[PDB]
């Protein structure tokens with residue numbers, strides 16, 4: 209259950225107009241920033257404002 | 201099975217790049233099987249009309 213909650217809705221295989229494929233750049237727009245290591249060590253003062 | 205296939209007409213094999221036999225199966229409907237068995241017509245075909 210928690211692991212699905214991490215994943216969210218399962219992305220489709222082939223890209224579609226309504227939803228992007230699992231390997232498309234549109235789907236991985238926030239994931240790339242989330243998994244990037246520099247998100248942890250680069251900044252000196254985290255911004256907690258939901259911008 | 202064909203209904204389950206047609207409900208997924210965005211993914212293989214009815215979608216994507218089907219192999220020709222799978223494409224034909226996805227296209228063609230299921231005819232009635234009981235309706236085609238008829239002994240009188242078969243025997244008439246086998247027997248010469250003379």
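Residue numbers (the authors' numbering), protein chains in the order written: chain AP1, 209 to 259; chain IP1, 201 to 250. Where is the CB? At the ideal position from N, CA and C, for every residue including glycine.
From what residue to what residue does the alpha helix (DSSP H) around residue 226 (chain IP1) run?
Taking the first residue of the second chain as position 1, residue 226 (chain IP1) is located at position 26. Counting along the chain, the alpha helix (DSSP H) containing residue 226 (chain IP1) begins and ends at 220 to 227.
Measure from the alpha carbon of residue 216 (chain AP1) to the alpha carbon of each residue in 222 (chain AP1), 223 (chain AP1) and 239 (chain AP1), then state which is nearest.
To locate residue 216 (chain AP1), count along the first chain from 1; it is residue 8. When only C-alpha atoms are compared, the closest one is 239 (chain AP1).
Expressed to the nearest angstrom, what Euclidean distance is found between the alpha-carbon atoms of residue 210 (chain IP1) and residue 250 (chain IP1)?
Position 10 of the second chain, counted from the start, is the residue given in the question as residue 210 (chain IP1). Position 50 of the second chain, counted from the start, is the residue given in the question as residue 250 (chain IP1). Whole-angstrom Cα-Cα distance: 57 Å.
State whether the segment 214 to 233 of chain AP1 contacts the segment 248 to 259 of chain AP1, with contact taken as three or more CB pairs (one from each stretch) at a distance under 8 Å.
no
Kindly list the residues whose CB is nearer than 6 Å to the CB of residue 235 (chain AP1), restricted to its own chain and excluding five residues on each side of it in sequence; keep chain order.
Sequence index remark: in the first chain, residue 235 (chain AP1) carries index 27 (1-based). Shown here for residue 235 (chain AP1): same chain residues with a beta carbon closer than 6 Å to its own, the five before and five after excluded, namely 219 and 228 in chain order.
Can you pull the chain IP1 residues whose beta carbon is under 8 Å from the beta carbon of residue 224 (chain AP1), in chain order?
Here residue 224 (chain AP1) is taken as the residue at index 16 of the first chain, counted from 1. In chain order: 210.
Quick test of your reading: residue 218 (chain IP1) and residue 226 (chain IP1), contact by CB under 8 Å. State the CB separation rounded to the nearest angstrom.
If you number the second chain from 1, residue 218 (chain IP1) lands on position 18. If you number the second chain from 1, residue 226 (chain IP1) lands on position 26. The pair is a contact, with the Cβ atoms about 7 Å apart (cut-off 8 Å).
Going by DSSP in three states, residue 244 (chain AP1) sits in which element: helix, strand or coil?
Along the first chain, read from residue 1 onward, the residue named residue 244 (chain AP1) stands at position 36. Residue state, collapsed to three classes: coil.
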